[PDB]
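Undergrad: Below is the structure I would like to discuss, written out as structure tokens.
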Amino acid sequence: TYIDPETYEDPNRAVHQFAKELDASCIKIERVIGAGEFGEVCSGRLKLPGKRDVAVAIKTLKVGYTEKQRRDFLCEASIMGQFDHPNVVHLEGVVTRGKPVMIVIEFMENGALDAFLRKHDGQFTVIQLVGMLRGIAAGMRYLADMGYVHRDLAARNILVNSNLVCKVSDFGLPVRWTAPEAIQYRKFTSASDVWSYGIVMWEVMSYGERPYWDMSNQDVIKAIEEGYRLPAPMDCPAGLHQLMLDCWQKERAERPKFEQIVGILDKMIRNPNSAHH
């Protein structure tokens, strides 16, 4: 079960409990692949004993960090280290003292899902896109069952590997992805994650359009309050859009659970015609 590392009196102690310390000499930084909240994100490789090198992403904590930043940065590792599922990004380990501070994660060659789909706009069949959504739902089902509420589920936080497997990422600690009760009353639960999941479905079926396009945050909020919901994207079957609508139920208890979502998508894969009903 998920342990919130901020329940520890010393959060540094949780890092060492859940994340393997790595020798910096075994980490090769090859290229800068992104900017993070805390420092550059790089691709490279990690040398493991007896094994061929594994390709990794390396999140750096930029030099000159405070203790608070180090703590906040490493919290991601102390959370990610607790998980083991095919659709959740795997933690290789961390470098926390004595050498440049880093979190080392499995390399996802194709990067963030929203950018990936924008690049490959119109190149995936409904069944392929549904397969991606099913992977994300299976990752979320696992997390919800572990007692973990994500809060920032969005296509930009889903990573895609060279085999097109989609995995949940971003375990550190927005409006248009967030359930109304979470925006207004800070009630974040797995049911508000299901609302976010609905938005992710729409992002996927639209090949990475911005939810609600150019509407302002305030206009999104008001629209949702009046019963507005985003339409089926081009080529999106009606049944799949109905599942989005179900994720966006005003009353959180009426939204499907992730287990139900997985089942529904599996049925659309086995019987693709049923995606229209």
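Letters A, B, ... mark the chains of the structure tokens in the order given; residue numbers begin at 1 per chain; ligand numbers begin at 1, in order shown.
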Write out as a PyMOL selection string each polymer residue whose atoms come within 6 Å of region 92-103 of chain A, counting only C-alpha atoms; drop sequence neighbours fewer than 5 positions from it.
TA: chain A and resi 19-22+58-61
Undergrad: From the DSSP assignment of the backbone, select every residue of region 7-184 of chain A that is helix (DSSP H, G or I), and format the answer as a ChimeraX atom specification.
TA: /A:7,11-18,24-26,67-80,113-119,126-145,155-157,175-177,180-184
Undergrad: Name the residues in contact with residue 121 (chain A) at a cut-off of 10 Å, using only C-alpha atoms, excluding same-chain residues fewer than 5 positions from it; report them as a list in words.
TA: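 Here the qualifying residues turn out to be residues 115, 116, 204, 205, 206, 207, 208 and 209 of chain A.
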Undergrad: Produce a file of the selected residues containing N, CA, C and O atoms, as a compact mmCIF listing (two decimals), in the first residue's frame.
TA:
```txt
# COMPACT_ATOMS: atom_id res chain seq x y z
N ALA A 115 2.29 15.60 -27.00
CA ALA A 115 3.21 15.98 -28.08
C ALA A 115 3.37 14.86 -29.13
O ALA A 115 3.42 15.13 -30.34
N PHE A 116 3.42 13.62 -28.65
CA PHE A 116 3.56 12.46 -29.53
C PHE A 116 2.38 12.37 -30.47
O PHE A 116 2.54 12.19 -31.69
N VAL A 204 -6.41 12.24 -26.20
CA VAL A 204 -5.94 11.16 -27.06
C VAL A 204 -6.76 11.09 -28.37
O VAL A 204 -6.19 11.06 -29.45
N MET A 205 -8.09 11.09 -28.26
CA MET A 205 -8.92 10.94 -29.46
C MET A 205 -8.84 12.15 -30.40
O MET A 205 -9.12 12.03 -31.59
N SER A 206 -8.44 13.31 -29.84
CA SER A 206 -8.22 14.52 -30.63
C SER A 206 -6.78 14.68 -31.13
O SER A 206 -6.46 15.70 -31.76
N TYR A 207 -5.93 13.70 -30.83
CA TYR A 207 -4.50 13.78 -31.17
C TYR A 207 -3.85 15.02 -30.60
O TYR A 207 -3.10 15.74 -31.29
N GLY A 208 -4.17 15.29 -29.34
CA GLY A 208 -3.45 16.30 -28.59
C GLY A 208 -3.96 17.73 -28.74
O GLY A 208 -3.18 18.67 -28.57
N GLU A 209 -5.24 17.90 -29.04
CA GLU A 209 -5.83 19.24 -28.95
C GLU A 209 -5.82 19.69 -27.48
O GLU A 209 -5.77 18.85 -26.55
```
Undergrad: Name the closest residue to residue 46 (chain A) among the candidates A:62, A:17, A:105, A:246; distances are taken between atoms, counting only C-alpha atoms.
TA: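 Closest to residue 46 (chain A) of all the choices is A:105.
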Undergrad: Ranking A:82, A:184, A:242, A:192 by minimum distance to residue 225 (chain A) and counting only C-alpha atoms, which one comes first?
TA: A:184
Undergrad: With only C-alpha atoms as the basis for distance, which of A:106, A:203, A:145, A:23 is at the shortest distance from residue 86 (chain A)?
TA: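 For residue 86 (chain A), the nearest of the candidates is A:106.
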Undergrad: Restricting the calculation to only C-alpha atoms: of A:222, A:16, A:241, A:156, which residue gets closest to residue 74 (chain A)?
TA: A:16
Undergrad: Using DSSP assignments from the backbone, pull out every residue in region 70-177 of chain A that falls under strand (DSSP E or B) and give it to me as number ranges by chain.
TA: A: 88, 91-95, 102-106, 111-112, 158-160, 166-168
Undergrad: Take the residues just selected and output them with N, CA and C atoms as a compact mmCIF listing (two decimals), in the first residue's frame.
TA:
```txt
# COMPACT_ATOMS: atom_id res chain seq x y z
N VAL A 88 3.08 2.12 -15.24
CA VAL A 88 3.59 3.17 -14.35
C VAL A 88 5.09 3.23 -14.55
N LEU A 91 11.13 3.43 -11.60
CA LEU A 91 12.29 4.11 -11.01
C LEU A 91 13.50 3.18 -10.97
N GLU A 92 14.60 3.60 -11.58
CA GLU A 92 15.86 2.86 -11.48
C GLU A 92 16.57 3.18 -10.17
N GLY A 93 16.58 4.45 -9.80
CA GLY A 93 17.15 4.84 -8.51
C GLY A 93 17.47 6.31 -8.47
N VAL A 94 18.29 6.68 -7.49
CA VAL A 94 18.55 8.08 -7.22
C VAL A 94 19.99 8.31 -6.85
N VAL A 95 20.46 9.55 -7.00
CA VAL A 95 21.74 9.98 -6.42
C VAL A 95 21.39 11.15 -5.50
N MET A 102 20.16 13.41 -8.58
CA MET A 102 19.41 12.92 -9.76
C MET A 102 18.34 11.90 -9.41
N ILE A 103 17.30 11.85 -10.23
CA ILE A 103 16.35 10.74 -10.22
C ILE A 103 16.46 10.06 -11.58
N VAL A 104 16.64 8.74 -11.57
CA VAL A 104 16.90 7.99 -12.79
C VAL A 104 15.74 7.06 -13.03
N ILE A 105 15.11 7.22 -14.20
CA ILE A 105 13.85 6.57 -14.52
C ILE A 105 13.99 5.84 -15.86
N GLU A 106 13.16 4.82 -16.09
CA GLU A 106 13.16 4.13 -17.38
C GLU A 106 12.98 5.15 -18.53
N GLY A 111 8.46 10.10 -25.49
CA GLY A 111 8.19 11.31 -24.72
C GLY A 111 6.74 11.43 -24.28
N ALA A 112 6.31 12.67 -24.07
CA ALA A 112 4.98 12.95 -23.56
C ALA A 112 3.92 12.62 -24.62
N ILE A 158 1.70 11.57 -19.30
CA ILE A 158 1.74 10.18 -19.72
C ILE A 158 2.92 10.08 -20.67
N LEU A 159 3.79 9.09 -20.46
CA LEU A 159 4.95 8.92 -21.34
C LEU A 159 4.78 7.69 -22.22
N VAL A 160 5.44 7.72 -23.37
CA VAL A 160 5.25 6.68 -24.37
C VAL A 160 6.61 6.10 -24.72
N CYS A 166 2.00 3.17 -23.03
CA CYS A 166 1.75 4.42 -22.32
C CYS A 166 1.81 4.18 -20.83
N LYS A 167 2.54 5.06 -20.13
CA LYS A 167 2.75 4.88 -18.70
C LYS A 167 2.53 6.17 -17.94
N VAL A 168 1.91 6.04 -16.77
CA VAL A 168 1.68 7.19 -15.92
C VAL A 168 2.99 7.68 -15.31
```
Undergrad: Determine, counting only C-alpha atoms, which protein, DNA and RNA residues have an atom within 6 Å of an atom of residue 155 (chain A); residues of the same chain fewer than 2 positions away are not included. Present the result as a ChimeraX atom specification.
TA: /A:113-114,157-158,200
Undergrad: Just the residues within 9 Å of residue 130 (chain A), please, counting only C-alpha atoms, with nothing from its chain fewer than 4 positions along; format it as number ranges by chain.
TA: A: 125-126, 134-135, 201, 204-205, 240, 265-266, 268-269
